[PDB]
Structures are given as structure tokens and as C-alpha cells.
Amino acid sequence: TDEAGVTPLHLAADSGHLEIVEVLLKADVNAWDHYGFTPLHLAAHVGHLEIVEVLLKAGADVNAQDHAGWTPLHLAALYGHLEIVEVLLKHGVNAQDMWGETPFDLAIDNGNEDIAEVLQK
Amino acid sequence: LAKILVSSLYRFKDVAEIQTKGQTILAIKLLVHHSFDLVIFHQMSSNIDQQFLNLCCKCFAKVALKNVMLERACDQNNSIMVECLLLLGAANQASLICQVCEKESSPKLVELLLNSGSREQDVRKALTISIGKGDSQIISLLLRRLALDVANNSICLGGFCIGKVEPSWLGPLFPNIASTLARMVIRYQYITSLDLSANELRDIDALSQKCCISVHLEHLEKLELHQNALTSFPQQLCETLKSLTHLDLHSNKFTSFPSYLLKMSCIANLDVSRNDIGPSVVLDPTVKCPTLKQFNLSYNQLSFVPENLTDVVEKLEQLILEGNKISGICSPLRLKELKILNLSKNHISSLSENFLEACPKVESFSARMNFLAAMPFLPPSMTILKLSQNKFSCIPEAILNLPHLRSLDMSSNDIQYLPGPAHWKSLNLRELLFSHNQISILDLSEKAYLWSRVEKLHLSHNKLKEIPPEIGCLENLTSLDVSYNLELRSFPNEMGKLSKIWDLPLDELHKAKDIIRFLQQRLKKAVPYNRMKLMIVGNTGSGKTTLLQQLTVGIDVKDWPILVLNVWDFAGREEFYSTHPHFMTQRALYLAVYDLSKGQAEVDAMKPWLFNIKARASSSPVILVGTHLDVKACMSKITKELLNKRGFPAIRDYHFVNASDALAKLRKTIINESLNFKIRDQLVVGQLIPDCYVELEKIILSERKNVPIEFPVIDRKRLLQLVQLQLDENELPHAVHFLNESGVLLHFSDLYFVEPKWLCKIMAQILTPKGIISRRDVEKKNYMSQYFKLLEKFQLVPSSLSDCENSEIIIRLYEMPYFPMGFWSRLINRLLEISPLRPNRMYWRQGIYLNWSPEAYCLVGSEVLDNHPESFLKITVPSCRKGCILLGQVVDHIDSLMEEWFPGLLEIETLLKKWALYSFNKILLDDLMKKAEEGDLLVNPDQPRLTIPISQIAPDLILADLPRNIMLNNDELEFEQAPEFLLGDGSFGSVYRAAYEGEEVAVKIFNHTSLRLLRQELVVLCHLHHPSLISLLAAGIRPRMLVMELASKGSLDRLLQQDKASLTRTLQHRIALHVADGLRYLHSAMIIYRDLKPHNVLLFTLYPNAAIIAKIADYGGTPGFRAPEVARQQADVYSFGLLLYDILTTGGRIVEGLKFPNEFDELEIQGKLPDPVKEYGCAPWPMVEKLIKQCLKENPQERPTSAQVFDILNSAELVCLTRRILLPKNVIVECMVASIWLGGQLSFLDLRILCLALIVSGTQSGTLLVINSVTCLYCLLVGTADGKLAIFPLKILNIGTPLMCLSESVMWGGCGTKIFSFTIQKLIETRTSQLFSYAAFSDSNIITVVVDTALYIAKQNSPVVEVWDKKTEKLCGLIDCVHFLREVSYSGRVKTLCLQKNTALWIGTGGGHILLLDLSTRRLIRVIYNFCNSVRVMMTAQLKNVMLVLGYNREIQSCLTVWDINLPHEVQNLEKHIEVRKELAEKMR
Ligand SMILES: C[C@@H]1CN(c2cc(-c3n[nH]c4ccc(OC5(C)CC5)cc34)ncn2)C[C@H](C)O1
Ligand SMILES: Nc1nc2c(ncn2[C@@H]2O[C@H](COP(=O)(O)OP(=O)(O)O)[C@@H](O)[C@H]2O)c(=O)[nH]1
């Protein structure tokens, strides 16, 4: 790892390198760092598809909570990644962090109205 | 190891790069032992190359042991080592600063040691060392860190005794490379007030005419030269400064008044309180300065008066001549503005008619201790007059004639008749003291309605006759001092109407709401009291019950009506003998039994019963009664000869009853004796009591039948369930006390024992190795809980319990005619606590012999000397110091028990001779005679060459249990009981000042006191060393006085009432913190205080960031500082809360005893307090305003501990926060501007729009309205949602990718994920930072940027801040906020940044955490936790310099808060000061 606490597959997922994350998977699927961030969280933050659905199929937690209580669905709704939103949605919406906002609320503040319609129905 | 290599580098200082290989040093302690520091210093100072510098620093990193490296480096004065090592840590440890000051050096080094942290005592010592050596630079910087107060804009100089002062000393007082080396090695690893109090300035002629600071001080406005040694003050200086108006130069040695000092520009409060001006002080004429307000020209050689004031001064308000030598009759005194004048302690015979009939506004005339007999026509404007201790024969008529008298105290006067209020003509009388006087009549029935406002009336030590109920017409009365009359012995029931009284001085004359409520009840209904106690007494079984039948286990309480008297048939079996003194009440009349069948033997054998009766109830008549006349009557001979009133109780009758015939005479005599009792001439068989008591007694008697027979003990609420009478909360305690005195029920504490027969039959039923037993409860279920406490405390079974070089031990005797009834069974119970580990103690029925070692033992036995009729106890103890302590403690316990249980014994023969044995090479010696022989410290017989020290034989008398260091020397002390040498009054005595091996060391002289209370006070005061405690120096026995340290700047009450502007926001908190620390130490010592108040807190220095500021004075309650229930343990905290309230208030709760005295007590009964900020207008101060509310809880179990309150006070958040403003609920704000303006709507506050600037607005649609998607503003710059610009539309430099930050400190900004600067100058890409931290943080919107030497970049929803070099234009690094958070729900997402000029950056996390940081060292100062849930915007506002913080209390509640700009400096200062205080506390022991 590293002094702060993180694994290389986290960097690979955040940077969107498919071959590296695939070859490393062939480590922990739900490895959580000192931030509590998951590789699924970083993939949703970067919005880079194939690692998201691979990790979801690899056994990544659907409702993993970081230090801030944000799900990968929360990050995908926040950063405008609607595709990640539905990809996680068919993996199984009312989850709240300490502040207590659903991804609908995150879409509301960020103006991601496209994600907003998907979340309500 | 190898000195050859170090010898090689010795040459390599000037040698070529050959020294670089010396690499080999870091390849492999004691390297720095010889000279390594100096060689490396020539290396890095040899024109510094970086390639060799890096390896040299890498080798040096092995050194970082660290302290000794500095110690060797600090030997040679050199700023580079100074700064580098201070940056590396390692300065006030060894000292070091003193030796650097002693050695020749340069200002830079001493400045480094001073500003890097240095103990105040060490700095003072170094300064004193350097004073002698000629210097003007090092001492100048020493003063900077020692005695400078920029916050108050003043320069103090007190306790540090400087020899003299010169202008060059106070020059700056009136208003790099090492860091690079340290960082890379770490990487490898106008003045207002001037104080001159204690500086023994022989002269002040140095800075008088013209100097560097003469022009600077020309507008000083406040100068202090008190406690000094000045003489003939130079008139040049007074011309030099032309703004001084607070000069107070007292205690100096003057000869004649300058009279040119008054020629100052505008001077007020001129104080010369101890200067010895000559006989004449007539001011020089032709100087009309109308500026002086207070003129304390006191304590002088002034036979005459300053007959210059009327011509010269026009506003001499407080013209004071107290304590002068004023002898002759004063001048007509034509001044027209005199407000307050004093002439106390002068020598005045009288005053002329026109002496005071010139001033139209004299309101405070007073002349204490003068030979005054007439008072000539005080003007009507007067309100307060103090004329006590004068040769007054009658009240002068002029005093009766002024319309507006308020307070008059004419104590220590010899007058006969005080005029009635029909002559006073004043309806505003407030306080009237008439103590030490001969007054016999208090005629007030003439006109009482005139007297309505009188509050405190004092008549102590007066020969009064009776109190007329007409004085009950008085309403506002608060304190009636009627003690020491010895002639009244009565109380009119109308006194009950005076509910406002909270104190009553009844001493030697025969409290508060209890007595007054009792008088109210008696006034409402008074009935004669008919109930007396008749305790029959026997001996080992005789005609006891048989006599009662004609007219055994326990006491068998019975009722016998005739008035009604109850017979208590006490026990005859010796086993029951232990508890009997518990029922021998003072108000009763005892019988006895002879059993004359035994003849002469029994009457003498029963003598100890009379001895016990005399010991317990001395004033109780006894009726001796024989009970065996059926079967030798010569016992009457001894009864008349030896058994009479000689030494035994006041026998009143003796009879020879048979068992019939003589029972009629017995009954008649019993009735006659009971009826004619007259206890202290009171006839208490027919006294008057309220009918409420009788009704309650009837209720209890009725409930006796209707009660559980097995356990008739009723509960506390069972008394309430009985009541349908009328008794309030306060009536019940005194009622049950009286009923218990009448022998109806017992109550000592939530249960009332009715039917005393059951209690005294069961509680003593336990009586029926040897004597020891464990828990073996039998017969009779939840009783044990109180049963064990009752039995053990009252009766292991002490009863029936197993019936040497002569110079190294001390023995004492306490001979008594007999051992009192329950003596040993309580003495051995008390002597189970004494100690300097459980000792071993084989205590029998009459001994203890408890010991820890051969050097620590105490043996209290039962001595039976040969040819000694009476029995006595011998106490032995080794002559060591610990043995003396033990002896003192045990003898104190003995005399306390005697005085608290057998007052008849120690009543002046005295039936108690306390022998102290001694042997020069044993000889009896009276302890009273030993005390009388206190004139010397050595006792010698008629033969003179042999003698014994006093402390060796009577360690309890002369202080030997206390440390020998506490031993005053008479030749040094100068404690004179003068009426000004005193500093204040308190508790059991007063405190004065005197010279004792020091400057002005205080002396606590004792008032009536005793060496028994003195022992307790000394033992509690000593063996307790703490910075917040007022440590004592010595003790003496001649006055029997104590010696204490000085509060240099006075007491807290005086501070509040006089100088309220000298209290800073950091001074009040420091005082509170130190008082809390002292209270914490007191509680950790398991001692309560219950005395916290401004009168009791002492201040030493007014320097905010000092090491000692406040201390707590004498500690063994108060109307204005009352405890919740104790004064109206955790009670101390509530008193502490009151202290905090007034300090926060600065004189509101105090200075509230003049317009409404009782209002400081009559509204805090249970958790009722006004809001301080709104009530008093003081500066807002939250987080302590909540602390007082949360500490002074009504429930004592809910109040926090003193340690907890000290810990909460130990937080700079409590010191730096100044406001906490809330916002309406469910309201959200996302922006504020520099009153405060916030954010389709808009909000405003006084102390959907996106952002605002100052007046600019803007919403999500980016409306370009003109008023007086926009994403960022500045002040004129505008940023949009896709990277635009505006210089308004003067110019629009498109760069986009939203612009979101714009800052100035050539402005800088941000757009998307790229930083610009300016006409775009440098658009440095920032997304290329994925190698460190997640790529997502690098590829994100940039929210805020601040401009400084470096560039700090914050991006939205990022837990990491980036730093980019300004010149190098490269990523300098990353600071991870979460790392700080993990060290201490936490979010860590950066939302806003703020920069401070002291290189401190404050970062706002998404959560309620504010990270403090230092750019110089890149180290966290602290984390502001507990604050809120979110943080959105922070910006500096010049209100005072403070930056606000916004947050939501998510339910949504937005909140605003204001923090002081000095948060990190305050944190460092508090952390250094607490550590210094802790080290001082450790060093005190
Ligand atoms: C202003 C004046 C007032 N002063 C003081 C001193 C003290 C004081 N010192 N040590 C004490 C020890 C005990 C003590 O018990 C009190 C609180 C019962 C009076 C007072 C002092 N208490 C008030 N004032 C000292 C002089 C130089 O300055
Ligand atoms: N002969 C005779 N015996 C008596 C007389 N008075 C009491 N006694 C005896 O004393 C006993 C009663 O003791 P009591 O009064 O109960 O004990 P006390 O009061 O506790 O000392 C009876 O047994 C009697 O025998 C008396 O006048 N004459």
C-alpha cells in the first residue's frame, strides 16, 4: 500500500486503465482505503464504464459507504455520470450519508436533471 | 572512538574538498563530543557547493542528544546554530539564556532564545545578571519579552528590581538561510501606562530633559512611580510630558511638596500617600490648573491644612487628608466643588462654624478617630457621614437637621440618649452603626413610620434594657446587631415581621429566617409550653422501677402526666453505660438512688453518676433519693459533708423514701423543684411556644398508635402526610428540633423515630478476642441499611472490650476526677483516623497504642498513679517530628471531644488539670503555666544553668508539628497593628503588611482566637504548595500571627471597582483559569472552599501572558456569593459560577448592595439568573456564557467537577470566539460579503442568488443587473459557468470549464482545473497531478485559491490541497487534510481557505472541522472540532480583526460564528503557559 493508505488498483480504477485493473483482479474487490473510498467509488467519480460493470460483476459492494457516507451511485449522480447511475441501479436509492441526502438531492444541487428523472422512477 | 579523524577535520576547516570524504562519518553517537559542531559550521558557513552541502546535512542528520548538541553549540554565540537548532526543536532547558547573556554576544542570539520560548524566572535572572554589566541592547530585547504589553498599549515594570532606569533602555519598547537548511534536513530526516512600582529608583533624573523617548513619552498620559525611593521630583520632566493625568507616586521618601508638578498640562489623580512632606504644604500661587480630581495627600507631617486649594483648584473632588498631623482648627475652606473629603486619624478638637459652610456639594464628610465634640453645620448636600470613635457626649443637632442622611456610623462613642426619628427628619436612612456605646433606651414609639428604609442597625456592646415592638414597624431592616447586651433576655414577637433580615449576631446574648419564622409563629399563636424531662438514675440495679411505680434494659421511656413530665428510667447495667450521655439533656432535673441497705459503701460507689451529671448538665438540679428505708441512716452525714455543691452538681434536695408514706413528700418536692427551675433565669417549665408545635406533638402522639408496631420509624414524607396544621418548609426543622429537646421523637436523616422506647430498647439490644464481632444480624429485612450506620456511629463493640530512655519520648496527662460516662467508647472510635498504610493497634477497653514503626507510635492509656485517688489517661509519643505531629493531632481531638461533649468539665480547679511532664536529666508542669511562660523559648528552673527548649516538651504549644522553616524571627518582622498597614479583613482575623526578610511581606494577625483553631488553620494552610495557592512564609506565636505573600496589584474586588478598563479579554480568562486550577487542587486535596468571591481572589501582575496572575486567599456564607442550598463538594462549583458571572459582568452583581442589598441573594434560590450580556451591556463572550449556565445547575449532582471546568477553561476556543449568531430555521445561505450581508431572495444581518460582492449580486442565470451563470466575484471581476471574465463590461478575457475563484495579494484565479494570473499571464495546467493522490481530485473543478509566496490550490470535493511554486511554476506538493482528521462523520472535503500574515492557513473541511496550519513549518496547529456540521465560506473582516465562519446545523439550521484573528498565536501561548504552570506546580514540591 502506502503511508496514507491506498492500493494500486484504486489508482488504476481512478485513472481508467482497463488492462491494469483487470490483470490485478485476476486483489481485494472491495478494498477500502483510509478515506473509505472504494474502487467502485473512484470509477463512478471518473465515470469510466467497463471497470464499473466489471467490479460490480466481480463482487464490489453495491451500497459501500465511504468516510462521507457517499455511495458510488451518489458520486455518479453528483458528477453527471448518469450511465454509471443506471448501471449501479440494476445492481440493486434511499441510502443517506451523515448529511442525509439521496443521489436525487445531489443531482438537484448540481443541476443534473437527467439523473434526477432516472432516480425518481 | 577515534580522535584522529576529528583532528583531521580540525585542519579541514580551511582545507579543500578532501573533507567531503569525511561520507564515512554517516556510513557508520559520540561524534559531536569533541568539536564536530564547530567543524560542520565552518563547512556550511564557508561561503555557502550544494553537492557537498547536501551530503554534509545528510551526515548531520544522524545527530538528530539533540539538547546536548545545542548546549555545545550554544556555548559559542552564533545565530545560525541558534536558528537551525530552534527550528529543529531542542531553549529553556539545562540555564542557557542566563549564560548566553553573561557571555558577550549579539542581539540576534538573545532575541532567538527569547522568541523561541524561555521561562520567565530565568529571563528575569538573566536580566538581573546583565543589569550590572554596561549594556543597552540585550536588556532592551529582554524587556521586550519580559514586561511588554502591546495589547494594552502599555509597558509594565514591577517585581523585577532594576537598579535604575535610563532612556536608552525603553527604546524599542515604545512603538532565512536557517529555514532552508532546517527544511531540507527535516526532509532528509502610543503607550498609555508605564509602571515603575518595585524598581528601587533612587532618582528619576535620567530621562528628564531630552532623550530618544522624551518626545515619545510626552503624551504618555499615565505614569506610576509608587513604592519607589524618589525625592525632590524634577520639574523638568513635568514640563517634558504634557499629557500625564494619572500619576500616582506614593510610598516614596519626599521632604517638601514640589508644587511645580501641579504645573503639569492636565494632571489628575495625583497620589502621594506616604511621602513625608514638611510641616507646610502651601502650594505655590499663580497656577490655575483645573484638572486634578483625586488628591491623596495623606500621611504627612502636616500640622496645618493645605490652605491653597480654594484659590488654585476648582475641581478637587476627592480632597483627602487622612492620617495627617492636622492639629489646629481648619480654615473656613472656601472651596466650591469639594465632593468627598476625609480627615480621619488627625488630631482635631473641633471645627469652626464656617469651616465646612462653604462647599455646596460636600457629600462624604468623615473624620474617624478624632477628639471631636461638636459638628458645625454640615451643608444639606451631604449623604454619608462617618464620625465614629470620637469624644461625642450627645448627637449634635446639626446631624439631626440635614435632610438627606443615608449612612451614619457613630461607633466607639460615649453618648447616653439617641434622639427619636421624629427629630431625624430624614426618611432615607440606610445603615446606622452605634456599637461600643452606652445606650439603655431605644424609644421609637413616638414616630416609627419615619424609619422605614433602615437596613443595617448595629448596637453591639451596649447596655440596653428591652427591645420595643415598635421597632417592628421598621421594614427594610437587614441586620440587627444586639449582641453583648447581656441585659435583654427577650425577643418581641413583632420581630417576626422583619423577614428581610438574613443575619443575627446573637453571641453571649440570650439563625436568620429560622428565628424570625419562629417569632412569626409565636406572634400568630403563642401558648404556654408544659413538658419537662425527669431522668431517673440508678446504680447496678436498685429501687428504680419500684420508685417509679409508687410515683431493667435500656432507658424505658415513659410518660407521666400530672404540666406533664416524662420519666426516663436509665439503665443500671454497666454494659449499657456507653450511650447514656446521648440523652442527658441540658434542660431536665435528675433523680438518683441510694439503696441505703448498703450504707456508706453505696453512696460513695454511686458518685460517678453525679460526676457524669455534672459533666453533661451542670445547670440541672438533682434530687437525691434513698430507696431502702424498709431495712444506719448515717449516710446523711457524708451527703451533707462531701457530697454537697462543693464539686459535684447543684444538689437541691435529698430524701429518705421507703419504697406509702414519704412518697407524698417526694411528689410534692418533685413538683416544687420542677416548677421552680429557672434555667439561666427563664422558668422553662412555663415558656411560650407556638401552638403549631403542640399540634404537631399531638399529631405525632396520635400517629404513634397508628403506626407499624415492629418498625414505628416513619419516613420524611410521613410527617408531611400528617399535615391539617400550617407549617412551611423551614418550620419543620426547628419544630422537630424543639420536639426532640422535649423528648417526644428522635431525628438526627430522612426517618423520624417515634416511640423512643422501641428505639432505645432495640438499638441497645445488641449489648445483650472478646469485644470484636462481625455481621451476625438476627431476629426482626432492609433494616440494616440505616441500622448499621445508627449502631456503629452511636455504640466491633467498643464497650466490654478486654477490660524508653525517658528523654526520647514525650508524655502528657489530662487528670480528671473520674472518667466521664461514655469517654473511651468514643475516644477510641475517634482515634481510628490519625496518620502523618494501615498501622497496627491493639486497643483494649481503655487504650489504643497505634503504631506504624518504632519512629511512629502513639499510646493513650489509663494511668493509675500510686496514691492517686482520681483516674487519668497518660499519652506517650516519641520525640521525633512525626511524633510531635501525631501528639498535636491527638491532643486536638481530645480537647475537641471534651469541649463538644462535656462542657461542664472544662468550665472555670476546673476539674481538668492537663499535666505536662518533663525531666532535665519526671516533674509535673501545668499546661496553663507552660502557656503563660511563652515570653521565652527556653524554660529553666530557679537553677539557671540548665534549661529545656519549649518545643521539645510542649510540641503542641509552639509550632513544631509544622515545618521548622515556618518559624518567624522577631528581629526581622515589623508587624504593627496600624489602621492602614492592614490590607483587608477575612474569616477569623485580619491581614497586615510588614518588613520580614523582604520588601512588604504580609502578616495575618489573629483576632478571641485560640491555639486550637490556630493548629487547624496552620495544618490546612501548610503542606499545600500550588501556583494558584497563596503560600505562607512563616508563623509566629507572640501576636500568634501568620506571614503571607503579597498581591502586588491588589485584590479582585478593588480591581473591579476601581480599574474596570484594565481587564482584557485575555486577563479575565487567565484569572478564571488560575482560580479554577486552584479549586481543582483544593478538591483533589478533598477540601471545600465555599468562599469564592472578588474579595477573596488576589492578583499579582496585570501582565496578561504571565505565569502567576491570580490566587485564592484564606480558606477554612455570603449574601452576594451564596451557594445554592448550603449558603441559602459540588457547592464550590456554584460559587465559582458566581465568580465567573461577575468577572464576565465586570461589577454588576457587586455594586448591587447599595441600591438593593438583598437583591444579590433574593433571586438565586433555584436557577434564576438574568442574561449577563443584555442585563449589563458587557461585551458578548459565548462558550463561557454557556459554561456558567451549564455549571451552575440547580441539581448539584448535575454540575460538572472542578477538574472538568478547569479542562473546559483550558481551551483557546473559549478565549478566541467572540460571537455566535444564529439564523432562522430552515434557511440556507451560500454566500456572504464583508454589518454582514448574505444571500431569488436576499438576507441581511447586523451584529437563487449564487454569490455577492461589495454592492453586487448574481444568480444561477447570471443576471447582469445594476444595483447598489455567475460563479465568482471580486472587488471588479466576474466569472461564468464556462470560463469567461469581466473587468467592469470593460473587457472579457475568455479562458473557457467554469471560473470559480479569483483572489488578490497581480491577481490570481482558477477556471475549470487550470490556474491563471494577471491579460492572461501564466495558465499553468493542474490536472497533471495524478501520480500523487487519485486522478479524480486532480481532474475536478477548482474552488478557491489564495495568493502568497507559494500558491495554495483547493478543488471542489477534494480532501487534499495542492501547493504550486509561484516562481518555479511546478507542483510544490500536497497537504492531505484527512491525515490530520485521522489523527484526531469526518468529511475532510475542502470548502474554503483563509490566509493569515503570520503564515497560518485555516482550511475549512466539509464537516464541522477547521484545520489550522503554519506555512513556515507545515505543521497543524489544531482541529476545531465540535463546531458545526458544515463549513461553506470564510473571509477576514475588519470589525478588531476577525474572520467569520458559516455552517449548517443539519432539519436545517444555518449558523454564523466569529473567531479571533489570533487563534493560532493564542493556542501556542495557552499551551506554553499551561505547561509552564504545570512545571511550576511540580517544582513547588
Ligand atoms: C493595593 C494593595 C492591596 N494589597 C492587598 C494584599 C492582599 C493580600 N495580600 N496577601 C494576602 C493574604 C491574604 C489575604 O487575605 C484576605 C483576602 C483576607 C484579606 C490578603 C492578602 N489583599 C488585598 N490587598 C497589597 C498591597 C501592596 O497593595
Ligand atoms: N426490700 C426492698 N427492696 C426493693 C425496694 N425497692 C426496690 N427493691 C428491689 O429492687 C428490685 C427492682 O429493681 P428495679 O427498680 O427494676 O431496677 P433499677 O431501677 O433499674 O435499678 C426489686 O426486685 C426489689 O426487690 C425497697 O424499698 N425495699
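Here the protein sequences come in this chain order: A and B.
Under the working numbering, the first sequence has 110 at position 110, and the numbering climbs by one with no breaks.
Count along the second sequence from 1, then add 10000; that gives the number in the working numbering.
Backbone N, C-alpha and C fix where the C-beta goes; we use that ideal spot for every residue, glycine too.
Beta-carbon proximity of residue i to residue j, cut-off 8 Å
i                : j                : result
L10720 (chain B) : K10770 (chain B) : no
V11433 (chain B) : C11301 (chain B) : no
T11392 (chain B) : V11431 (chain B) : yes
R11090 (chain B) : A11113 (chain B) : no
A107 (chain A)   : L119 (chain A)   : yes
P10332 (chain B) : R10522 (chain B) : no
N10077 (chain B) : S10106 (chain B) : yes
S10193 (chain B) : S10154 (chain B) : yes
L11254 (chain B) : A11234 (chain B) : yes
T11344 (chain B) : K11366 (chain B) : no
Member of the options whose CA lies at the smallest distance from the CA of residue i
i                : options                                : result
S10256 (chain B) : B:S10232, B:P11196, B:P10944, B:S10273 : B:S10232
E10363 (chain B) : B:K10108, B:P10403, B:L10351           : B:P10403
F10975 (chain B) : B:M11041, B:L11238, B:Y11141, B:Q11068 : B:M11041
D10443 (chain B) : B:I10471, B:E10574, B:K10456, B:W10568 : B:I10471
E10972 (chain B) : B:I10958, B:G10989, B:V11003, B:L10962 : B:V11003
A10358 (chain B) : B:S10352, B:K10336, B:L10351           : B:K10336
heavy atom of ligand 2 below 7 Å from residue i C-beta
i                       : result
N10658 (chain B)        : yes
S10542 (chain B)        : yes
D10630 (chain B)        : yes
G10554 (chain B)        : no
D10728 (chain B)        : no
residue 11570 (chain B) : Since the first and last residues shown for chain B are 10001 and 11485, residue 11570 (chain B) lies out of range.
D10661 (chain B)        : no
Residue i CB to nearest heavy atom of ligand 1 below 7 Å
i                : result
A11002 (chain B) : yes
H10250 (chain B) : no
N11096 (chain B) : yes
Along the chain, which unbroken stretches of the beta strand (DSSP E) at least 3 residues long are found entirely within the region 10602-10677 of chain B? 10622-10625, 10651-10655
Assess, as a yes-or-no matter, whether the region 10992-11002 of chain B is touched by the region 10914-10924 of chain B under the definition of 3 or more beta carbon pairs within less than 8 Å. no
Is the number of C-beta pairs between the region 10205-10214 of chain B and the region 10235-10242 of chain B that are closer than 8 Å three or more? yes
Taking one C-beta from the region 11061-11080 of chain B and one from the region 11202-11221 of chain B each time, how about it: are there three or more such pairs within less than 8 Å? yes
Within the chosen definition, does the region 10125-10135 of chain B reach the region 10156-10164 of chain B through at least 3 CB pairs nearer than 8 Å? yes
Runs of 3 residues minimum, wholly inside the region 10294-10356 of chain B: which ones carry the beta strand (DSSP E) assignment? 10294-10297, 10318-10320
Counting only runs that start and end within the region 10171-10232 of chain B, where is the beta strand (DSSP E) found for 3 or more residues in a row? 10193-10195, 10222-10224
Suppose only complete runs of 4+ residues qualify. What are the alpha helix (DSSP H) ranges in the region 10781-10820 of chain B, listed by chain order? 10784-10794
Taking contact to mean at least 3 C-beta pairs separated by less than 8 Å, is the region 11379-11394 of chain B in contact with the region 11407-11415 of chain B? yes
If you scan the region 10503-10590 of chain B from start to end, which runs of the alpha helix (DSSP H) of 4 or more residues do you find wholly inside it? 10513-10524, 10545-10550
For the region 10854-10940 of chain B, list the beta strand (DSSP E) runs that are entirely contained and at least 3 residues long, ordered along the chain. 10856-10860, 10874-10878
Taking three-plus beta-carbon pairs below 8 Å as touching, is the region 10320-10328 of chain B in contact with the region 10298-10309 of chain B? yes
List in chain order: all unbroken beta strand (DSSP E) runs of 3+ residues lying wholly within the region 11201-11234 of chain B. 11217-11222
Evaluate the contact criterion for the region 11092-11101 of chain B versus the region 11129-11144 of chain B: three or more CB pairs, one atom per stretch, below 8 Å. yes
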